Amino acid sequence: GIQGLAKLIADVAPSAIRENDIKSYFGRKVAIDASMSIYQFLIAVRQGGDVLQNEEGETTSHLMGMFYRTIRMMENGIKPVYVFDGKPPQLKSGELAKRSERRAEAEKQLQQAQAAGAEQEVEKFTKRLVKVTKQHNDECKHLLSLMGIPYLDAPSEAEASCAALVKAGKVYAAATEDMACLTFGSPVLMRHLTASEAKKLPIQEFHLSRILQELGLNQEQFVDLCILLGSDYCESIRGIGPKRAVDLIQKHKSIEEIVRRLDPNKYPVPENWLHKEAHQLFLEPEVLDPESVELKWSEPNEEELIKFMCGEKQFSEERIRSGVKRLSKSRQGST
């Protein structure tokens, strides 16, 4: 994430966002952040406050979500490649650790809810306690393998590896809600791509070059701006938000300069501010080699699919086999 970046671009660079109907992404490949979508499902796919599961106790909401949305996308001519998060950059420790503490917090607030009724709390805190695990990951990779859908492991940050794939032309765009993908230099970002039957929000397409033009910056100044707005990798200056940050970056072009010209009594900066290191992470992140693996959208293995989902995970053979045929079908073509 980059705090407020979406609203900012809407506000001061509206020409950088197009809204298109899904019909116009027909025949395009997109890169998807696996870990974020798995998360979205673990949160949303709930039956009675609880997550879907086979009786052995193993979770399955993520498998549901992934299987079906993937199929939908494929039907609409959208070939998705899933990129899985690698090892988090050191600069991320801070953010990550906060995320642990809050979870611990939630967990305590779980007990005091359970021992006092009102499942409103129980389910709220339970949602706040959601966490993607290496198991979730391994399972989804298996599923995608048996669906013929290609997946890649990012050495570190998935978003950075997505931006790398779009840069290299291996895909048209990155489909994610994480504005940071632009910071890492991805020329095109697509929010709200679900290929879902109930629509909801219109697909949003962000062009990086348009953002740059409309804001009057180059990529480097744009990274600095995102750092000021609020990145996952270092702190921000208290009291400088979107409006002020745009002003300052437009006037002084860099963080060093900005820090020289700032009144240290009105706007004091953070102590031991790793902003230069963050910046360098954004310009030169560790990413996979987009030329190593040639992405192929294979044919589903229907039998093995039934064995895995239906067999191991108690999925209705009819719903599954139906999905498998919609997908095998969409491979040869169609609507």
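Start at 1 and count along the sequence shown; that's the residue number.
*Asks:* Quick check on the record: does 143-151 or 261-269 carry the larger mean Cα temperature factor?
*Replies:* Higher mean C-alpha B-factor in the PDB entry: 261-269.
*Asks:* Per the entry, where is the mean C-alpha temperature factor higher: 316-324 or 5-13?
*Replies:* Looking at the recorded C-alpha B-factors, 316-324 comes out higher on average.
*Asks:* Please pick out which of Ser298, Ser37, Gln47, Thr70 has the largest Cα B-factor as recorded in the entry.
*Replies:* When the deposited C-alpha B-factors of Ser298, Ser37, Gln47, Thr70 are compared, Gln47 is largest.
*Asks:* Between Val51, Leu63, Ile32, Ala278, let me know which has the highest C-alpha B-factor in the entry?
*Replies:* In this record, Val51 carries the highest C-alpha B-factor of the candidates.
*Asks:* In terms of the CA temperature factor given in the entry, to which third of its chain does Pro285 belong: lowest, middle or highest?
*Replies:* Tercile = lowest for this residue's CA B-factor.
*Asks:* Considering every modelled residue of the chain and its Cα B-factor in the PDB entry, is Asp138 in the lowest, middle or highest third?
*Replies:* Answer is middle: the recorded C-alpha B-factor places it there.
*Asks:* Compared with the other modelled residues in the chain, in which third is the CA B-factor of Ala160?
*Replies:* Middle third by C-alpha B-factor.
*Asks:* With respect to C-alpha B-factor, does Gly230 fall in the lowest, middle or highest third of the chain as deposited?
*Replies:* Its C-alpha B-factor, which the entry lists for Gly230, ranks in the lowest third among residues of this chain.
*Asks:* Ranking the modelled residues of this chain by C-alpha B-factor as given in the entry, is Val132 in the lowest, middle or highest third?
*Replies:* Lowest third - that is where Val132 ends up once the chain's C-alpha B-factors are sorted.
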